[PDB]
Asks: 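Dropping the structure in here first, questions after.
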Amino acid sequence: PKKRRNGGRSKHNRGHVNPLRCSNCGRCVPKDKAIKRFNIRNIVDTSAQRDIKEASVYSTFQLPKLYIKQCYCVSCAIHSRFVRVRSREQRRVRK
Amino acid sequence: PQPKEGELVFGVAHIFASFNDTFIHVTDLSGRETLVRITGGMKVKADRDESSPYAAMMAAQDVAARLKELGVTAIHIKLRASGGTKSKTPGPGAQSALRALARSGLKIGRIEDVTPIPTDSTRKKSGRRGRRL
Amino acid sequence: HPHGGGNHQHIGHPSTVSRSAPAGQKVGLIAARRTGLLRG
Amino acid sequence: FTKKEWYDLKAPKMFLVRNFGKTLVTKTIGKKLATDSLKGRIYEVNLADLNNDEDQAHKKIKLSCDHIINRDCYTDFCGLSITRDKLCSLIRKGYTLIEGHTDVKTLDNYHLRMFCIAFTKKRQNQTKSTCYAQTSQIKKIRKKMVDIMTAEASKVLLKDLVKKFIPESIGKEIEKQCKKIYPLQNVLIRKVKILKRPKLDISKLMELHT
RNA sequence: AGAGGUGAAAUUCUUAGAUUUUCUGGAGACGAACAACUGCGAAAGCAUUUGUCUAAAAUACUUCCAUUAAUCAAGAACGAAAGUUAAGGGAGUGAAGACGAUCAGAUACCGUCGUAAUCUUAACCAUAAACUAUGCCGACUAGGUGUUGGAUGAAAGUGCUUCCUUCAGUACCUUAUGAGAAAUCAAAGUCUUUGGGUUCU
RNA sequence: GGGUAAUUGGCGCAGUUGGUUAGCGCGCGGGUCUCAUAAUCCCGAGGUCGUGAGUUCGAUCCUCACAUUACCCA
RNA sequence: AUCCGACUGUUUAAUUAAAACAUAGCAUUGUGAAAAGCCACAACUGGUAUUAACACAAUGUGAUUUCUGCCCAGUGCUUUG
Ligand SMILES: [Mg+2]
Ligand SMILES: [Mg+2]
Ligand SMILES: [Mg+2]
Ligand SMILES: [Mg+2]
Ligand SMILES: [Mg+2]
Ligand SMILES: [Mg+2]
Ligand SMILES: [Mg+2]
Ligand SMILES: [Mg+2]
Ligand SMILES: [Mg+2]
Ligand SMILES: [Mg+2]
Ligand SMILES: [Mg+2]
Ligand SMILES: [Mg+2]
Ligand SMILES: [Mg+2]
Ligand SMILES: [Mg+2]
Ligand SMILES: [Mg+2]
Ligand SMILES: [Mg+2]
Ligand SMILES: [Mg+2]
Ligand SMILES: [Mg+2]
Ligand SMILES: [Mg+2]
């Protein structure tokens with residue numbers, strides 16, 4: 001009965017969209033339907049972070065970050081709880 | 001060697017963590033002339049736990065002992081995450097290896113991530129519909 | 001011929017011979033590294 | 001097994017430190033000269049430890065040794081890089097990046113590729129979410145980058161070009177002439193690959209080390 | 001002196017040096033990040049740089065012609081993937097096939113290999129949830145927030161940016177003495193107050 | 001007929017380094033904790049192809065088996 | 001209507017003219033050269049060769065159409081030191 005107005009993805013005025021592959025399970029998904037996450041992580045936790053600090057030369061050191069940009073399919077994404085199941089009215093709430 | 005007073009001697013430690021093992025490989029600062037390689041899987045016997053923090057800690061302790069034996073007193077760090085068409089994040093052993101190296105007694109030079117990302121993408125294993133569990 | 005004779009027209013012999021065989025004997029597939037359909 | 005010797009590495013005097021480490025090698029045996037194993041090696045250094053200033057903590061520098069006096073290697077210039085985390089920190093969603101490359105020859109008959117990179121800016125009084133640029137403007141900007149690289153590199157000389165790399169004059173100049181098309185943010189020379197070298201001439205090389 | 005791989009392990013590679021780090025040359029596919037409820041095309045589709053050829057809108061116009069138009073049985077051009085013919089190419093992936101595991105059985109889901117195919121050139125085939133499951137042309141009917149490309153008029157600039165109108169494309173929100181069996185719909189409204197034109201089922 | 005290698009615990013392998021002459025993984029029986037599986041740490045047992053030395057051993061001719069390559073006048 | 005061979009072609013002069021041989025098509029193997037592949041000669045020297053991988057040489061099957069499954073333990077051939 002057409003539970004979603006946009007059909008589960010954001011595509012308009014196009015015929016075809018190229019796919020990408022799930023970062024967890026390898027499945028093919030169109031790029032306009034996969035859920036995207038961008039991560040800015042540290043290399044280590046804070047205790048090891050301070051342990052590196054006084055083992056270091058230069059007296060002023062900052063650890064680098066990591067940049068990842070992962071992408072998931074519906075099944076592999078809501079099994080990990082990046083996305084959950086909502087009610088009929090709450091589904092329409094973007095942002 | 002024959003270092004001058006209070007002067008540090010440097011080497012490069014290539015770390016590899018791959019969800020199945022942890023390599024700790026120390027060379028000089030040109031890449032050639034390897035010095036130590038303890039790789040984690042020489043510390044346990046269960047055919048698992050090779051990626052556990054415990055094995056990485058033991059390997060780092062062995063590396064620190066040998067490096068002090070040889071005369072090297074400082075280390076540059078390069079981190080790798082096995083990232084070709086395979087996974088992009090490092091495994092559970094990298095943090096333990098870094099912490100053991102830091103608390104060993106050596107001096108830490110610099111840290112960098114060198115995972116081989118492609119702009120290219122040959123096709124990925126486990127064809128469409130993915131790895132089904 | 002080395003292949004001649006018989007009541008059914010077969011070779012009866014392995015048809016791949018070696019590089020050192022004498023002149024009257026080197027007659028089938030000479031010093032063949034491999035036989036059969038190629039697949040690459 | 002360990003019966004080795006240590007050598008000293010020395011950078012050309014374009015930099016400030018000129019002693020950046022040591023390396024091992026096995027003692028010579030019959031017809032293994034222990035000096036063919038040394039020459040041709042490539043060393044990568046950060047340029048923060050070659051000049052002793054932390055603002056230049058990106059921009060790794062590659063050095064190759066060509067001559068060996070009794071216990072020293074002399075290690076002239078090979079290439080550049082930009083330290084991946086720095087590059088990753090520059091790419092945000094709502095902008096556009098321009099990018100181009102070129103081939104060039106110096107007065108010493110070296111050959112190089114240069115690989116610039118750029119991004120758009122705000123011109124703040126706009127109050128709009130995005131700062132995208134049209135394709136034709138991108139084409140014009142890329143042509144300007146290629147022309148400026150060609151002029152600057154083919155003008156002078158190798159070691160002078162290297163001195164030019166350190167304070168990033170090419171980026172400032174490219175940014176300045178591209179203002180009339182579109183404002184641009186931080187502009188960098190991202191990577192320099194050495195492509196052909198004329199011929200070893202140890203007199204010049206040792207003149208680089210006075 | 002181990003490496004791979006797994007929920008755990010086998011099959012598999014390795015003191016004839018595997019896996020691992022550095023440099024050099026070759027090969028074939030692919031074009032990340034930027035990249036969007038954004039752009040173009042009749043649909044199928046289209047994403048590294050540069051050159052040439054070739055069309056297509058939209059906007060502006062005190063330019064020319066003057067009904068030259070709408071929709072269309074028969075007929076024609078294009079038409080994903082797979083598949084067929086011939087010559088190339090042949091890295092990665094991998095219908096078939098062979099093993100190793102799990103299980104009461106497992107010709108499967110997991111793992112180690114691996115043929116055709118996937119790519120190019122010249123010909124066929126004419127089918128898809130080929131989907132907005134909504135034919136095409138014209139008129140009327142309601143408020144707001146965006147965005148892509150032109151033009152008009154006005155302010156901060158250090159002949160460029162912001163703002164106001166208007167045309168064309170494209171989304172969303174609210175609401176309907178409007179409609180529906182309802183889900184819902186700006187058309188699926190202007191329908192027992194039933195007839196603007198036309199093809200297919 | 002000649003040359004080489006190997007035979008050790010319930011299985012598979014180390015010791016052949018004479019004034020110590022016997023060792024380890026799978027095993028085997030008791031605690032450990034294991035939503036009913038799991039890395040688990042202490043232990044007890046388990047023997048040298050056969051006869052003799054200027055000797056304290058795995059050092060000597062030979063004899064039984066096994067594998068490989070090669071040899072041939074009663 | 002059935003069997004064999006696709007077809008034109010060839011053969012045991014003097015008992016067998018055929019379903020036997022050849023054939024186009026298909027597939028496999030060796031070789032970059034006068035120090036190579038295959039073959040002749042007692043030696044010295046020759047044939048292919050007035051040639052050069054769209055070539056020369058060694059074998060199987062036998063027009064078109066539709067297909068060509070599993071086995072490398074045995075015997076051959078072949079690769080590394
Ligand atoms: Mg479609
Ligand atoms: Mg599941
Ligand atoms: Mg026959
Ligand atoms: Mg028989
Ligand atoms: Mg542009
Ligand atoms: Mg090739
Ligand atoms: Mg292949
Ligand atoms: Mg595979
Ligand atoms: Mg149909
Ligand atoms: Mg339909
Ligand atoms: Mg009615
Ligand atoms: Mg006939
Ligand atoms: Mg036939
Ligand atoms: Mg006839
Ligand atoms: Mg007759
Ligand atoms: Mg007759
Ligand atoms: Mg016949
Ligand atoms: Mg034939
Ligand atoms: Mg065989």
Side-chain angles (χ1 to χ4, degrees), chain A residues 1-3 5-7 9-18 20 31-32 36 38 67 69 92 94, chain B residues 12 14 16 18-21 23-28 30-34 37 39 41-42 44-50 52 54 78 80 85 117-128 131-133, chain C residues 3 11 13-19 23-24 26-40, chain D residues 40-44 64 87-88 90-102 119 123-130 132 134-135 139 142-143 146 179-180 183:
Chain A
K2 187 86 177 147
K3 87 181 295 188
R5 164 144 180 148
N6 67 350
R9 53 159 153 180
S10 43
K11 167 171 89 64
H12 296 99
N13 208 41
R14 298 174 193 86
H16 183 258
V17 164
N18 266 336
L20 53 82
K31 192 185 167 193
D32 63 358
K36 277 74 69 177
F38 193 44
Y67 312 74
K69 188 39 151 52
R92 314 182 62 219
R94 288 175 144 245
Chain B
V12 179
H14 312 269
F16 181 75
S18 87
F19 281 101
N20 278 337
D21 212 15
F23 284 74
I24 295 176
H25 187 185
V26 184
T27 60
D28 82 335
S30 84
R32 300 178 182 265
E33 302 284 358
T34 177
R37 200 178 59 214
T39 190
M42 311 144 77
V44 303
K45 58 192 174 183
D47 196 344
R48 74 192 164 275
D49 304 329
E50 289 159 345
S52 49
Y54 180 72
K78 294 181 176 67
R80 198 191 165 196
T85 309
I117 81 178
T119 69
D120 186 84
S121 66
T122 53
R123 197 169 162 107
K124 178 170 172 165
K125 192 190 171 69
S126 79
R128 74 189 280 137
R131 181 179 187 265
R132 301 184 286 292
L133 277 296
Chain C
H3 289 176
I11 291 164
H13 293 351
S15 73
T16 53
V17 304
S18 59
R19 171 77 69 200
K26 291 174 72 174
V27 68
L29 311 177
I30 309 297
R33 304 166 167 103
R34 187 268 184 190
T35 60
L37 261 184
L38 278 148
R39 305 277 204 191
Chain D
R41 300 194 181 187
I42 308 290
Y43 307 79
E44 202 172 16
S64 81
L87 191 146
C88 276
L90 293 189
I91 290 145
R92 312 313 294 178
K93 178 68 75 71
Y95 301 80
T96 187
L97 73 164
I98 324 299
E99 184 178 1
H101 59 90
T102 196
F119 310 88
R123 53 172 146 202
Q124 63 84 30
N125 74 336
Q126 67 181 10
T127 76
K128 189 199 270 189
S129 298
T130 70
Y132 299 150
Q134 284 156 348
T135 292
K139 302 273 191 61
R142 179 184 295 126
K143 185 156 120 167
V146 162
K179 186 163 286 176
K180 282 290 179 70

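Here is how names work: the chains are called A, B, and so on, in the same order as the sequence lines, proteins then strands, and each is numbered from 1.
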Asks: Return yes if a side-chain donor-acceptor contact under 3.5 Å exists between B/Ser18 and B/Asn20, otherwise no.
Replies: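 No.
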Asks: At 4.0 Å (heavy atoms only), tell me whether B/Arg131 reaches a base, stays on the sugar-phosphate, or touches nothing.
Replies: sugar-phosphate
Asks: Send over the distance from D/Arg123 CZ to E/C163 P, rounded to a whole Å.
Replies: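 Taking atom P of E/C163 as the reference, CZ of D/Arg123 is at 13 Å.
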Asks: Looking only at side-chain atoms of D/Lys128, point me to the closest of E/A186, E/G92, E/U147.
Replies: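 Among E/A186, E/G92, E/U147, the one nearest the side chain of D/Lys128 is E/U147.
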Asks: What dot-bracket string describes RNA chain G from 5' to 3', counting Watson-Crick and G-U wobble pairs whose defining distances are under 3.5 Å, with [ ] for crossing pairs and | for pairs to another strand?
Replies: ........((.........))...(((((((.....((((....))))......)))))))....................
Asks: Considering only side-chain heavy atoms of B/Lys125, which listed nucleotide, G/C77, E/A33, E/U112, is closest?
Replies: E/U112
Asks: Take the six-membered rings of bases G/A49 and G/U50, measure centre-to-centre distance and interplanar angle, and say whether these fall under 5.5 Å and 30° respectively.
Replies: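 Between G/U50 and G/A49 there is no base stacking, as the criterion is defined here.
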Asks: Going by the sign of the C1'-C2'-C3'-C4' torsion, is the sugar of E/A36 north or south?
Replies: south
Asks: If you check the B/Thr119 side chain, which of G/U75, F/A39, E/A32 turns out closest?
Replies: E/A32
Asks: Is E/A106 stacked on its strand neighbour E/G105 by the under 5.5 Å, under 30° ring test?
Replies: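 The answer is no; the two bases are not stacked.
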Asks: How should the glycosidic conformation of F/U20 be described, syn or anti, under the criterion that syn lies within 90° of 0?
Replies: anti
Asks: Where the side chain of A/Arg5 is concerned, which of E/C34, E/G92, E/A186 is the nearest nucleotide?
Replies: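 Closest of the options to the side chain of A/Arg5: E/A186.
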Asks: Do me a favour and sort the pucker of E/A80 into north or south by its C1'-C2'-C3'-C4' torsion.
Replies: north
Asks: Watson-Crick or G-U wobble between E/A16 and E/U59, both distances under 3.5 Å?
Replies: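 No pair, by the stated definition.
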Asks: So which nucleotide from E/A33, E/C37, E/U161 ends up closest to the side chain of A/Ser10?
Replies: E/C37
Asks: So which protein N/O to nucleotides 39-45 of chain G N/O distances come out below 3.5 Å?
Replies:
unit_1	atom_1	unit_2	atom_2	d
G/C39	OP1	C/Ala23	O	3.2

Asks: Looking at E/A98, is it paired to E/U112 in the Watson-Crick or G-U wobble sense, both distances under 3.5 Å?
Replies: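 Under the 3.5 Å cut-off on both distances, the two nucleotides are paired.
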Asks: North (positive) or south (negative) by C1'-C2'-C3'-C4': which describes E/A187?
Replies: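 Taking the sign of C1'-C2'-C3'-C4' as the criterion, E/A187 has a south sugar, on the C2'-endo side.
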Asks: Identify whether any heavy atom of A/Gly15 sits under 4.0 Å from a base atom; if not, whether one sits that close to sugar-phosphate; answer base, sugar-phosphate or nothing.
Replies: base
Asks: Check whether the six-membered base rings of E/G197 and E/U198 have centres under 5.5 Å apart and planes under 30 degrees from each other.
Replies: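 Stacking holds for this pair.
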Asks: Which way is the base of G/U11 turned, syn or anti, if we draw the line at 90° from 0?
Replies: anti
Asks: Are the side chain of B/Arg32 and the backbone of B/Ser30 linked by a donor-acceptor contact shorter than 3.5 Å?
Replies: no
Asks: With north meaning a positive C1'-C2'-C3'-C4' (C3'-endo side) and south a negative one (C2'-endo side), sort E/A35 into one of the two.
Replies: south
Asks: Tell me whether E/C40 is paired to E/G92 (Watson-Crick: purine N1 to pyrimidine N3 plus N6-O4 or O6-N4; or G-U wobble; cut-off 3.5 Å).
Replies: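 E/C40 and E/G92 do not meet the Watson-Crick or G-U wobble geometry.
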Asks: Which part of the nucleic acid, if any, lies within reach of A/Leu20 when heavy atoms closer than 4.0 Å are counted: base, sugar-phosphate only, or nothing?
Replies: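 No contact.
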Asks: Closest-nucleotide mapping onto RNA chain G: is C/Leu38 or C/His3 further toward the 5' terminus? I mean the 5' end.
Replies: C/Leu38
Asks: Which atom pairs link the protein and nucleotides 78-81 of chain G when you take only N or O atoms and keep those under 3.5 Å?
Replies:
none

Asks: Need one value for B/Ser52: base, sugar-phosphate or nothing, where a base atom within 4.0 Å counts as base even if backbone is also close, heavy atoms only.
Replies: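 Counting heavy atoms under 4.0 Å across all strands, no contact is made by B/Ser52.
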Asks: Ignoring hydrogens, what is the shortest heavy-atom contact between A/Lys31 and A/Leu20? Give both atom names and the distance.
Replies: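 Scanning both residues, the minimum pair turns out to be CG-CD2, 3.6 Å.
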Asks: For the pair made of CG in B/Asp21 and P in E/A1, what is the distance, rounded to whole Å?
Replies: 15 Å
Asks: A/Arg92 side chain: which of G/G76, E/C23, E/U174 is closest?
Replies: E/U174
Asks: Looking at the six-ring of each base, are G/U15 and G/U16 less than 5.5 angstrom apart at the centres and less than 30 degrees apart in plane?
Replies: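 No, which means the ring centres are not under 5.5 Å apart or the planes are not under 30°.
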Asks: Whether F/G50 and F/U51 stack: are their six-membered ring centres under 5.5 Å apart and their planes inclined by less than 30°?
Replies: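 In short, yes, the neighbouring bases stack by the stated criterion.
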Asks: Quickly work out the D/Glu99 CD to E/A32 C1' distance and round it to whole Å.
Replies: 12 Å
Asks: Paired with E/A122 by Watson-Crick or G-U wobble geometry, both distances under 3.5 Å: which nucleotide is it?
Replies: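 Checking every strand shown, E/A122 finds its partner in E/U85, with both distances under 3.5 Å.
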Asks: Are there any protein N/O atoms within less than 3.5 Å of an N/O atom in nucleotides 17-21 of chain E, and if so, which ones and at what distance?
Replies:
unit_1	atom_1	unit_2	atom_2	d
E/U20	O2'	B/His25	ND1	3.4
E/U20	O2	B/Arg37	NH1	2.8
E/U21	OP1	B/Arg80	NH1	3.1
E/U21	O2	B/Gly31	O	3.4

Asks: Would you find a donor on one side and an acceptor on the other, under 3.5 Å apart, between the side chain of C/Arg34 and the backbone of C/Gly36?
Replies: yes
Asks: So is E/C113 sitting in a Watson-Crick or G-U wobble pair with E/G143, both distances under 3.5 Å?
Replies: no
Asks: If you check the B/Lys45 side chain, which of E/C34, F/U40, E/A171 turns out closest?
Replies: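 Out of E/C34, F/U40, E/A171, the nucleotide with an atom closest to B/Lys45's side chain is F/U40.
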Asks: For F/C41, does the glycosidic angle fall within 90° of 0 (syn) or outside that (anti)?
Replies: anti
Asks: Please figure out whether C/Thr16 or C/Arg39 has its closest RNA chain G nucleotide nearer the 5' end.
Replies: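 The 5'-side residue here is C/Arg39.
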Asks: Within 90° of 0 counts as syn, otherwise anti: where does E/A10 fall?
Replies: syn
Asks: Have E/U152 and E/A186 got a Watson-Crick or G-U wobble pairing, both distances under 3.5 Å?
Replies: no
Asks: Using a strict cut-off of less than 4.0 Å between a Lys/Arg side-chain nitrogen and an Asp/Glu carboxylate oxygen, indicate whether A/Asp32 and A/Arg9 qualify as a salt bridge.
Replies: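 A salt bridge links A/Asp32 with A/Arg9.
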Asks: What nucleic acid atoms does A/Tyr67 come within less than 4.0 Å of, heavy atoms only: base, sugar-phosphate, or nothing?
Replies: nothing
Asks: Measure from the side chain of D/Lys139, starting at C-beta and using heavy atoms only, and say which of G/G60, E/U50, E/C110 lies closest.
Replies: E/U50
Asks: Could you check which of E/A35, E/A33, G/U59 has an atom nearest any side-chain atom of C/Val27?
Replies: G/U59
Asks: Give a yes or no on whether E/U20 and E/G89 are a Watson-Crick or wobble pair, applying the 3.5 Å threshold to both distances.
Replies: no
Asks: Mind checking side-chain hydrogen bond (donor to acceptor under 3.5 Å, both in side chains) for D/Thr102 and listing every partner two or more places apart, or none if nothing turns up?
Replies: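 side-chain hydrogen bond (donor to acceptor under 3.5 Å, both in side chains) check on D/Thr102 returns nothing, list empty.
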Asks: I need the minimum non-hydrogen distance between A/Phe38 and D/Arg92, along with the two atoms involved.
Replies: CE2-NH1, 4.3 Å
Asks: Please classify the nucleic acid contact of C/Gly36 as base, sugar-phosphate, or nothing, using heavy-atom distances under 4.0 Å.
Replies: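 Sugar-phosphate contact only - C/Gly36 comes under 4.0 Å of backbone atoms but never of a base.
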Asks: Using the purine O4'-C1'-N9-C4 or pyrimidine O4'-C1'-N1-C2 torsion, is E/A186 syn (within 90° of 0) or anti?
Replies: anti
Asks: Base, sugar-phosphate alone, or nothing: which one does C/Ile30 contact when heavy atoms must sit under 4.0 Å apart?
Replies: sugar-phosphate
Asks: Taking only the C1' atom of each, what is the distance from E/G41 to E/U54 in whole angstrom?
Replies: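 That atom pair is separated by 15 Å.
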Asks: Distance between the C1' atoms of E/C99 and E/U115, in whole angstroms?
Replies: 16 Å
Asks: Based on whether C1'-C2'-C3'-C4' is positive or negative, which pucker family does E/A129 belong to?
Replies: south
Asks: Is D/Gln134 touching bases, backbone alone, or none of the nucleic acid, heavy atoms closer than 4.0 Å?
Replies: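 Since only primed, P, OP1 and OP2 atoms lie under 4.0 Å of D/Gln134, the category is sugar-phosphate.
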Asks: Taking only residues two or more places apart in sequence or in another chain, which ones pass side chain to side chain contact (heavy atoms under 4.5 Å, CB included) with B/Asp21?
Replies: B/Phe23, B/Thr39, B/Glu50
Asks: Distance check, P atoms only: E/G7 and E/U102, in whole angstrom units.
Replies: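 Rounded to whole Å, the distance is 14 Å.
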Asks: Tell me which nucleotide among F/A39, E/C34, E/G5 gets nearest to the side chain of B/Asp47.
Replies: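 The answer is E/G5, which lies nearest to the side chain.
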Asks: Using the P atom as the point on both nucleotides, what is the distance between F/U16 and F/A22, in whole Å?
Replies: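 About 12 Å, rounded to a whole number of Å.
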